[PDB]
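*Asks:* Please read through the structure below; I'll follow up with questions.
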2 protein chains.
Amino acid sequence: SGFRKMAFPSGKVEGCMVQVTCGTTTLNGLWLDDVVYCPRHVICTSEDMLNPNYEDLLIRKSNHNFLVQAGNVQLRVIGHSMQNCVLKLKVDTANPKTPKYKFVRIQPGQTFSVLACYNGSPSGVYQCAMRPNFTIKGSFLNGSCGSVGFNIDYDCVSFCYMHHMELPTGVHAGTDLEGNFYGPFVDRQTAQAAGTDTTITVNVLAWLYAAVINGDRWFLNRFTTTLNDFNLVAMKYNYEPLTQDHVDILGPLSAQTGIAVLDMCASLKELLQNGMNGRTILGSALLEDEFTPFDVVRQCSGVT
Amino acid sequence: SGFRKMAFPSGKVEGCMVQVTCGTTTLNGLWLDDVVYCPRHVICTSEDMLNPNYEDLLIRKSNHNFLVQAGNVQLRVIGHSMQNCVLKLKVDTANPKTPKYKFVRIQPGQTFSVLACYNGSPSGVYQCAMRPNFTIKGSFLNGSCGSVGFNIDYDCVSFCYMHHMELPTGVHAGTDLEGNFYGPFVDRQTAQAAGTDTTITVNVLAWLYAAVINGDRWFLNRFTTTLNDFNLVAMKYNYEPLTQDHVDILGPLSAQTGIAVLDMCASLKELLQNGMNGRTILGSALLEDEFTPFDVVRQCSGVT
Ligand SMILES: Oc1ccccc1CNc1nc2ccccc2[nH]1
Ligand SMILES: Oc1ccccc1CNc1nc2ccccc2[nH]1
């Protein structure tokens, strides 16, 4: 029993983190097979960052300009290419600790673990969601760029995120491992405002199920609703719309608890309209939206 | 910028987790050097758990009765002893992945990372505090016993917790790595009630400093207080007393933010008396007490 914001064990990713230096810029790289992936802005002076032309900046760079260090041993760079907003540095040594891995582009509402790194050295691990505005609310100081987000399926690491940017509002933007930004963000020190950070409705419902499973039941009401009625209320409160795909996904939690999804929707509706009245659910005074239904099932079942 | 509940990278501890089986009971063990540490209740039938005599139960056990598996390879047990509420199983192989380590007994309010394990396999990592009532609020299913809590100082893992028990209220109890329970709990399926789960005042203050550092300043008031005045209010709200040792410990956060500790106390006092009025601090609707001052400095500075 008990329910925690839980990251994947980070060991498999710890074994992939290296330091990348280009001139005076140091950040982190991900070493898989004989390729090191890092944010292309490693080649910029903070001066360059205001309106960088990366193709033109890259012409001035050689393999020997990229200094790649794995522990306290240097890797030999034998090639470099730009793919979207990441650099791929070919090194002469396959990472001996390369895990089984995939590159995946996640959808808004999907959760993942971040291994926060500085100078290629892991500092911490936390759980995130891709926000509906394609930002994440991370913890990232200078030097944390190239830190990655991942899910693990038994022994296969799915890399979904590389850290590139902090927006002027102190939220975070980055790319998948093909170098494509989540949302409309660009690796340039310019005015970039995020859209509405809506609540991930399907995730709140999952977490309400987690609460029932763990004995927190005070919020369970006598009402039901319809998708359309619930969705009217969701919009008013800056909650993402709930689809039938979300209802289907919650099916196993519905089954385990014997609470129909639309009943749990009507409980959520009353919590939106009435608030928590100073009460807590799973030790939170607000509705948590950074657990997926899959996360709740994993943690409530005990997958390794 | 940004502030997350952050666990230590778990790789060094992942490399120490094994499966321990005695008869039909499977749980986790910690393999350091040529010793495997596990909860002594591995020797009990759930029937034994009602009033176990562990010395008498252990007489009926041999080295060959303890099945220790590290990945899918069996370790040979060449000795076993009981130290308090843990078993130490001497195996014929030193763990090749043993990190530098210490055993430390933490104080209430101290935070640590838990690597939740099932059948010797890591499932997740989260950050905890030892509660003032010597419980922890974990996430632990059947088979999670022998999962450990740790801090890391660069390359040295300090093991502070091994998981043994869930109380009938679904909070968690366990031992240090010398087998001594935190608080008054015993490894017996009997009536064990926790005392008052008070809020860790010094930790809330640290987190209020973290909030100021990260731009959340709305709660900063025009008042100050004294330790004695603040402490009267703390007691009324089930907050731990604040000592001069706590004020001294917050000194560096006081310095960084230019907010005197007693000023931040007076801000906390107003939040206790007035509540949050539907506002959030670092995305929480309640006051977080599971960051130490050391945690706030680490995450705000970027230690690896
Ligand atoms: O639903 C809302 C409630 C309040 C504010 C903003 C929104 C828009 N949310 C939204 N989710 C989407 C998913 C796919 C495509 C477009 C989407 N727009
Ligand atoms: O302060 C309180 C406010 C409300 C309820 C309970 C308490 C007691 N808290 C407490 N912390 C201690 C630390 C060391 C020794 C004894 C201690 N008692």
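Residue 1 is the first one shown; counting continues down the chain.
Placement of Cβ uses the backbone N, Cα and C atoms for every residue, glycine included.
Annotations per Swiss-Prot:
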{"type": "ACT_SITE", "residues": "A:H41", "note": "active site, for 3CL-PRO activity"}
{"type": "ACT_SITE", "residues": "A:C145", "note": "active site, nucleophile"}
{"type": "CROSSLNK", "residues": "A:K5", "note": "ubiquitin cross-link"}
{"type": "CROSSLNK", "residues": "A:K90", "note": "ubiquitin cross-link"}
*Asks:* I want to verify one value. Collapsing DSSP to three states, which class is A:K90 (ubiquitin cross-link)?
*Replies:* strand
*Asks:* Check each of A:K5, A:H41, A:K90, A:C145 (the recorded positions) against chain B and write down, in sequence order, those whose C-beta lies under 8 A from a C-beta there; write 'none' if there are none.
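*Replies:* Listed recorded positions meeting the cut-off: A:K5.
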*Asks:* Below 8 Å Cβ to Cβ and six or more residues apart, same chain only. Which residues does that give for the residue listed as 'active site, for 3CL-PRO activity'?
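*Replies:* Expected: A:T25, A:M49, A:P52, A:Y54, A:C85, A:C145, A:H164, A:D187.
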*Asks:* Fill in the CA-CA distance, A:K5 (ubiquitin cross-link) to A:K90 (ubiquitin cross-link), as an integer in Å.
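*Replies:* A:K90 (ubiquitin cross-link) has its Cα 36 Å from the Cα of A:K5 (ubiquitin cross-link).
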*Asks:* Counting all other Cβ atoms within 10 Å across every protein chain shown, which of the recorded sites A:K5, A:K90 scores highest?
*Replies:* A:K5
*Asks:* Around the Cβ of the residue listed as 'active site, nucleophile', how many other Cβ atoms lie within 10 Å? Please give the count over every shown protein chain.
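*Replies:* Cβ-Cβ neighbours of the residue listed as 'active site, nucleophile' within 10 Å number 25.
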